[PDB]
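Here the structure is laid out as structure tokens; the discussion comes afterwards.
Computed from the coordinates by the stated procedures, all read-outs in this text should not be read as laboratory data. Positions of Cβ are backbone-derived with ideal geometry, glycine not excepted, and every protein chain shown enters the neighbour counts.
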Amino acid sequence: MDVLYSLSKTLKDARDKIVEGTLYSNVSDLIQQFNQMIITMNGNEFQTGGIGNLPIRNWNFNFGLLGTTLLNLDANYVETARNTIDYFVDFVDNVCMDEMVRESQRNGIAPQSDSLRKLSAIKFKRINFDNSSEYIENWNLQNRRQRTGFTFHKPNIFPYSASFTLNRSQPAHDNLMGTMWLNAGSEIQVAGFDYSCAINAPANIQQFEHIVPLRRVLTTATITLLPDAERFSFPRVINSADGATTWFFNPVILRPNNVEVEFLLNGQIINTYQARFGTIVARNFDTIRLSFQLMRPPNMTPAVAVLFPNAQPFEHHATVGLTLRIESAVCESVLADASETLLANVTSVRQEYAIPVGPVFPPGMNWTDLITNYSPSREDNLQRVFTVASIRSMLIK
Amino acid sequence: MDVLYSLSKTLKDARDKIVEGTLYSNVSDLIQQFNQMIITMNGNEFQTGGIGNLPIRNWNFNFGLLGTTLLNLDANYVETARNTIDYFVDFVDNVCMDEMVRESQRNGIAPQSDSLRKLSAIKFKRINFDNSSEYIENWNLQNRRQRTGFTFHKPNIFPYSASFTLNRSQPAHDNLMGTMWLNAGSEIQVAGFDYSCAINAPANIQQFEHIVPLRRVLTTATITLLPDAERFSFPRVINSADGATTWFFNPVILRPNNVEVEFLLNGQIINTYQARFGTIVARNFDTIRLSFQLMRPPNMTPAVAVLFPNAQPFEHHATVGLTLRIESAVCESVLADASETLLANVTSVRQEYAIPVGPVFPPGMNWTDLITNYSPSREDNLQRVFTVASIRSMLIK
Amino acid sequence: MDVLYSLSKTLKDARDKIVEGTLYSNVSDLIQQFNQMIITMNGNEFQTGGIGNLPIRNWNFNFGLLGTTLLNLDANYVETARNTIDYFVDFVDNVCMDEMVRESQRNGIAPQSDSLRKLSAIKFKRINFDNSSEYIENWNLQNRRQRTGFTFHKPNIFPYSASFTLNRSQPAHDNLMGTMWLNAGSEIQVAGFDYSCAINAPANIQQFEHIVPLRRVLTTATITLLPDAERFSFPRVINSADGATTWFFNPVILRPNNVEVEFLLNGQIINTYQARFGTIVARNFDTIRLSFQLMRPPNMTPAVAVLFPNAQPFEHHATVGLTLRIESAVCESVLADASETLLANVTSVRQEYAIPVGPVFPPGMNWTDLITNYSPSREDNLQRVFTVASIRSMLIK
Amino acid sequence: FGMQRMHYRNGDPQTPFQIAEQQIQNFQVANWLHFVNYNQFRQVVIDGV
Ligand SMILES: [Zn+2]
């Protein structure tokens, strides 16, 4: 695993530094690495593929060393090295696709393919080169039990969920109370409603609350908070809880009163913010607890006072909502986000070669089903496959 | 072109590695490159500028080599090298602005300025250094006909478009049917409507469809799909097709029934997703085909049943919409996106020096007009200018 | 300051390049740097912490050099170097937290902690290594008075603001005119309204305008402009100016007529765009001036003509809005954005160790209060603390 | 080429041809100096020997 990154690092540098006309002292230490790759790899033989429609290929290495005697590199020296690099870079593609496609349930952090088990001998350890990427540095710190961290831009921490809750209801569905929400990606939009507009509430104030637990602990997040749910603002018809009938929701929107956002960790309040919108921070949390309340306005112009009567026909329903959005955070387990394409490389290999459903991952690599039940057996497999997908992205985009 | 990147790479490293007090073995291989720049460049003379308000400057190189005899670098050695770097870094600015401003129609991939044509001799090829950036690596892989790829965050693949289509209409404009859409940046919001709410449709179901063709083929995209068009949710008045009269649109919103999203490539279905919202992938596609339908609810409470009568006056119009958004994808041609500023550097040079409209690019470098007719003659010019803008961004931000 | 970055650069490279089994020529120049760190640092003694709940620790350096005689590194050579790196990387954490927590008002660009004042002697200058990061390169260019630049993705340039303005009002609040806006993060949503729908305006056209001044000058921005404010599109009730009464706002939405966006610099028009939506550029500006107008439609179908009478009861109010959004720009002072987490590292240290409110920064490091009054005394402190937070992020995530 | 003397230390890690190929600017002289520097044998087992 450490020597699979070390093969790809000095094939990336060999296509970049060994160019025509360059001075020899620029590449004097790469060629000592590239010659010492070849000496270790000669005489061995490998075999990749076999699962699904992934074809079986056999690999055999018998190459010669590079020359170490020029002052400026010429077109003979480049063209005799390109037909050696192009055989190794085809070998690393078929080892990385052989490993992203396999999985185990007992110990997923171990190598699973036949070729990567064979590269983990002490014979092949002399190919080891620097480990400077983000995923190979966190592969080594976490293997010694030291603290790691991945930096994300808009991480997919919330599974998709769109539902509601009725705290007061009747079969006519004309005097209701409760909340509605959408949790999707890295964004929460909750909105509380009350059809009577707190005409009989004590002190004309109705209290709402919405609690979102996370799956993993986030660290040093940057969060944007805005006092409107724009998705629950228009008239719509909504089905019932069991799909029997439908009910109508015609909102008018007040401002949210007495907003309190809390950031919990094992039930302890780490941060809190009271009527403070814009950008906020959250240093360590795993549970977000939103709290906001509706207050009936005590003074109303004649255009407003017609909307909220005392009797039963309520044609304009009051609505109070919020909107939260995580911009960037630092987690310790691997996730998906909006910047890098490591999830897209894993699913595209499995979909292309028609791979059967195994014992660990959901069918079709569904991210909503995978972050919902994000077991420690799935975490060790998901890190092992995102790290191999990161090695393949250096050579083959 | 390859030696213009090689001038900027070792002037960036010369301001970073040649600092006061550093050990000599840290910079022992950079000085052999920097001295070998100077030997090649002496005795030559250059000329940049001349088009628009870009002034004409003459360049002449007569410099001395750097010393290779200290153990730790002192303030004499730094200050005698800064007054050599500051002349080269002024030369590279005026060659990069001379090339981003010119264009050709026959073969745009060739150098156009007078200075960059002169740097493409075999005399200047010994200045060549490593080619490790993203745009200079894809400049070399594509020059040998090998497969390339650029990674984008929210790529500007859709030209701006906001229009509608009426599948059923009359001059009164009170019983309509069709779709509305906004395609802008990397986001599609389509919404279908029906004023009668399928009271006379067969099985009370109305079918909608919206097909978006792309300009270039995208690969391994990460796409977010949400079941509401929030832009077509409020009451508005819309002009007619020929601008004669105006018509009114008062929506209420049902949920989209039987959603199918397809990802086509040469008419072949690569991927498909049926009633699956959240994050999805798309491994290879060039045409997105959205399909969704409106179904009249069979059971309605008395608050809902007043909205949809059988007769002609329809005061509340039914609406069903979707929302699609591309987070990150990998294309093969150059584009614009939301992370890097290579389009902004090209237009800012042309606007500053009052450059006349040439034969290839649209007036004012309008991106909506450039991605609409994205010919292969414009693709070769746009890659040649984004690559020069990437070289200038290393030295001068 | 320059030698604090140089300690962290060669401890990051020492954990990456000194691995088991690697060839000695790969690390032959790092060990000459790492041995020359140790010779300078021996015999000295330091002291960090003391403010808030940050504990006091004493540091003392007495270490031995590394061996320079192997051909391939073995597990003795790695394990004898890891127990030297782990003492230095604990020292740099407690110097970086000692400096992010302190501040001054006279000259904030000078070092404030006791340890960083002691590292600024000429004895410690031989530890200096390359300065290749973005923040340490802009630390050195700006220290000699040369032009710098930071590249941001969605920069937090606007303080949070949500308010309105009534150009025509009466205590009944039934015939109003004015604008509403939200300025938050990097997004402007302005919307102008008129209850009479220009029935008595000259030529039935009502003119609106909204001017947003910036705090710092932005350069080469990429801006998305869309012709709808989706936040001011639904019915809501709004309080009065002094919080006395509430007033009702029921919108219908026309399209914006005759849109002009201007980009000012010292009162001079740099760029202008007239009825051009989508993506636009802005090369140099510090003031955005939006201008748009409402026009009554001259031809109306019978469904539209009922909405806008001639008399006083106006139940459907006209609304015209815009939406602007900065995707990426280049500033010269430090800011916050949506990609990097340098603001989150500073506040998380101050919140964890219970640090009292000092003379410069707002209580709780409130970014809305800090960009509102962004004095040159706060700019020198904010750059000095974001640069230290960038050094700590290399070693400890 | 008008250069000074070598001023060579006994016990230099580099031979006098190795600190000469980085000082001389002539292409035809210095790439012969580079051939003499990095000239060695090649160990190949021919017939078991
Ligand atoms: Zn982004």
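Would it be correct to say that B:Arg392 is under 15 Å from the mean Cα position of the chain (by Cα) and either under 30 Å from B:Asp194 (Cβ atoms) or among the basic types (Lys, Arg) (or both)? No; evaluated as a whole, the condition is false for this residue. Close Cβ contacts (under 6 Å, 6 or more residues apart or on different chains) running from residues in region B:142-154 that are among the hydrophobic types (A, V, I, L, M, F, W, C) to residues that are away from the ligand (no atom under 16 Å from the Cβ) comprise B:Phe150/B:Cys331.
For region A:265-282, the criterion of a residue being part of a strand (DSSP E or B), surrounded by fewer than 16 Cβ atoms within 10 Å (Cβ to Cβ) and hydroxyl-bearing (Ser, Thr, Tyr) is satisfied by at least one position.
Selection of region C:261-285 for residues being touching a helix residue (DSSP H, G or I) at 6+ places or on another chain (Cβ under 7 Å) and either among the hydroxyl-bearing types (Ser, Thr, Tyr) or more than 14 Å from every other protein chain (Cβ to nearest Cβ) (or both) yields only C:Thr279. For region B:355-397, residues that are of a type in the set (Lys, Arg) and in a loop (DSSP other than H, G, I, E, B) total 1. Among what's in region B:359-374 and is of a type in the set (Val, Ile, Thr) and buried (at least 18 other Cβ atoms within 10 Å of the Cβ), pick the residue that is nearest to the chain's Cα centre (by Cα). That would be B:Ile371. Suppose the filter is farther than 30 Å from B:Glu103 by Cβ and within 12 Å of another protein chain (Cβ to nearest Cβ); does B:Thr323 pass it? Yes, satisfied.
Would you say A:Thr372 is of a type in the set (S, T, N, Q), more than 16 Å from the ligand (Cβ to nearest atom) and more than 9 Å from every other protein chain (Cβ to nearest Cβ)? Lay out the reasoning, then the answer.
Details: of a type in the set (S, T, N, Q): yes; more than 16 Å from the ligand (Cβ to nearest atom): yes; more than 9 Å from every other protein chain (Cβ to nearest Cβ): yes.
In short, yes.
Being more than 10 Å from every other protein chain (Cβ to nearest Cβ), in contact (Cβ under 8 Å) with a residue 40 or more places away in the chain and part of a loop (DSSP other than H, G, I, E, B) is not true of A:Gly43. Residues of region A:229-260 that are away from chain C (no Cβ under 14 Å) and assigned to a strand (DSSP E or B): A:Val237, A:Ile238, A:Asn239, A:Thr246, A:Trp247, A:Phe248, A:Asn258, A:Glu260.
To keep it simple, each residue is scored yes or no on (1) away from the ligand (no atom under 16 Å from the Cβ); (2) within 13 Å of chain C (Cβ to nearest Cβ).
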| position | (1), (2) |
| --- | --- |
| A:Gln142 | yes, yes |
| A:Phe152 | no, yes |
| A:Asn156 | no, no |
| A:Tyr160 | yes, no |
| A:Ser169 | yes, no |
| A:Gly185 | no, no |
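Looking at region B:46-64, which of the residues that are under 23 Å from D:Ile24 (Cα atoms) and surrounded by 14 or more Cβ atoms within 10 Å (Cβ to Cβ) is nearest to the other protein chains (Cβ to nearest Cβ)? That would be B:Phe63. A Cβ distance below 6 Å, combined with a sequence gap of six or more or placement on separate chains, defines the contacts here; from region C:258-273, residues that are farther than 26 Å from C:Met295 by Cβ reach residues that are aromatic (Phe, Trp, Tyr) in the pairs C:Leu265/C:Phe285; C:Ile270/C:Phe263; C:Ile270/C:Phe285. So how many residues does region B:18-36 have that are facing chain C (nearest Cβ under 9 Å) and either surrounded by fewer than 20 Cβ atoms within 10 Å (Cβ to Cβ) or in contact with a strand residue (DSSP E or B) (Cβ under 8 Å, 6 or more places away or on another chain) (or both)? Selection size over region B:18-36: 8.
The residues on offer are C:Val349, C:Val330, and the sole one that is away from the ligand (no atom under 16 Å from the Cβ) and assigned to a helix (DSSP H, G or I) is C:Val349.
Do we find a residue being part of a strand (DSSP E or B) and within 14 Å of chain C (Cβ to nearest Cβ) anywhere in region A:301-315? Walk me through it before giving the result.
Within region A:301-315, the first condition is being part of a strand (DSSP E or B), and the residues that meet it are none.
No, that holds for no residue.
For region B:123-139, the set of residues classified as more than 7 Å from chain A (Cβ to nearest Cβ) and either buried (at least 17 other Cβ atoms within 10 Å of the Cβ) or among the basic types (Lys, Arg) (or both) consists of B:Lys123, B:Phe124, B:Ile127, B:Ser133, B:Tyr135, B:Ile136, B:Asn138, B:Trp139, listed by residue number. Among the residues making up region A:196-228, those that are within 14 Å of another protein chain (Cβ to nearest Cβ) and assigned to a loop (DSSP other than H, G, I, E, B) are A:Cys197, A:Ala198, A:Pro227, A:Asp228. For region A:168-209, the set of residues classified as polar (S, T, N, Q) and touching a residue at least 12 places away in the same chain (Cβ under 8 Å) consists of A:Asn175, A:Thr179, A:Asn183, A:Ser186, A:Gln189, A:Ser196, A:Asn204, A:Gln206, A:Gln207, listed by residue number. Can you confirm whether A:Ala229 is of a type in the set (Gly, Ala, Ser) and either over 30 Å from C:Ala338 (Cβ atoms) or surrounded by fewer than 19 Cβ atoms within 10 Å (Cβ to Cβ) (or both)? Here the answer is no, as A:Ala229 does not meet what is asked. Within region A:67-91, the set of residues being part of a loop (DSSP other than H, G, I, E, B) and either among the polar types (S, T, N, Q) or closer than 23 Å to A:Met394 by Cα (or both) comprises A:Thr68, A:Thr69. Residues in region A:308-327 that are within 22 Å of B:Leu225 (Cα to Cα) and away from the ligand (no atom under 16 Å from the Cβ): 3 in all.
Being in a loop (DSSP other than H, G, I, E, B) and not charged (D, E, K, R) is the filter; apply it to region C:333-346 and report the residue that is farthest from the ligand (Cβ to nearest atom). Steps first, please.
Going through region C:333-346, the residues in a loop (DSSP other than H, G, I, E, B) turn out to be C:333-341.
Now restrict to residues that are not charged (D, E, K, R): C:333-336, C:338-339, C:341.
Details: C:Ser333: 22, C:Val334: 19, C:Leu335: 16, C:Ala336: 14, C:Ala338: 6, C:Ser339: 7, C:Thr341: 14 Å.
Residue satisfying both the conditions and the ranking: C:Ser333.
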